[PDB]
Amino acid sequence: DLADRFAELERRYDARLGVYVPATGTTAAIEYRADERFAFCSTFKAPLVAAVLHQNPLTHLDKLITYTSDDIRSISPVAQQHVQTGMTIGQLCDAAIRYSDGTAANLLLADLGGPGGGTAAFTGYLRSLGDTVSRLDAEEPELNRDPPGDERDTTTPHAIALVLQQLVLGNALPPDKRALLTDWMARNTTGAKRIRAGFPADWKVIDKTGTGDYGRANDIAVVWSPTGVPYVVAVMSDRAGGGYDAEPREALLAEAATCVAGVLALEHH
């Protein structure tokens, strides 16, 4: 069975794997360690952008945020490029999702909750969606670095998939805001070797990845069948076995996603 297959992925990559695919009308939930905690890493950036979208008119996307080289304390490919001229809130959302820019995320946290109030306000957004489990406690890059077992800055596959479901396939956001979030995730540049690699080309995939220390590699996606049937897929992993500098394994994620896609695509008439 599928649990046994997921277990064999864990043995082969010397990793811990978490999977959740919510139940639908026609399919049972897929759950593997689904209530175990894993570090968010950059996956929180998706609901962060929704938080900012939700709380503000679309005109707030035009607001120019200025920052300095001193505020760049994490890998920030887009923020580095715009450091002299600043970035709009809209540009920051784009950067945060599509490049996993760490400075962009920190600046959106300040915008949501003020300095020192951002991680609490982000977690409160999750609470506002009925997620009592997830918590963010630090900003970038510290949130990627807590040890195995620390509950800070964690979610569960179950919790983050149900949030993403609300955001993309529910009514947590009005249509016009919902469309921006979905466009950004659709245009993501960092996920080609993860959930995307597991689904056939005629399935549509949107995603947000995360990567961190202790071999952490995550991806959260929404996928659409060739006839437009939607599913939410969360895959989380770590490799605590090799300590802080353990190599993350994207191919573990691609494999877990391929197992999911088999169950989702394979009909039985």
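In this text, residue numbers run from 1 along the sequence as written.
- Annotation for 77-85 versus 105-113: the higher mean temperature factor (C-alpha) is found in 77-85.
- Averaged over their C-alpha atoms, the temperature factors of 161-169 and 114-122 are higher for 114-122.
- Note on the listed residues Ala234, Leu64, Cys41, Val49: the highest Cα temperature factor in the record is that of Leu64.
- The PDB entry assigns the greatest CA B-factor among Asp183, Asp94, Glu142, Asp137 to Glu142.
- Per-chain ranking of the deposited C-alpha B factor places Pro230 in the lowest third.
- For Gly210, the recorded CA B-factor ranks within the lowest third of the chain. Only modelled residues enter the ranking.
- Sort the chain's modelled residues by C-alpha temperature factor and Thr27 lands in the highest third, per the entry.
- When the CA B factors of the chain's modelled residues are split into thirds, the value for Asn218 lands in the lowest one.
- Sort the chain's modelled residues by C-alpha temperature factor and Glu255 lands in the lowest third, per the entry.
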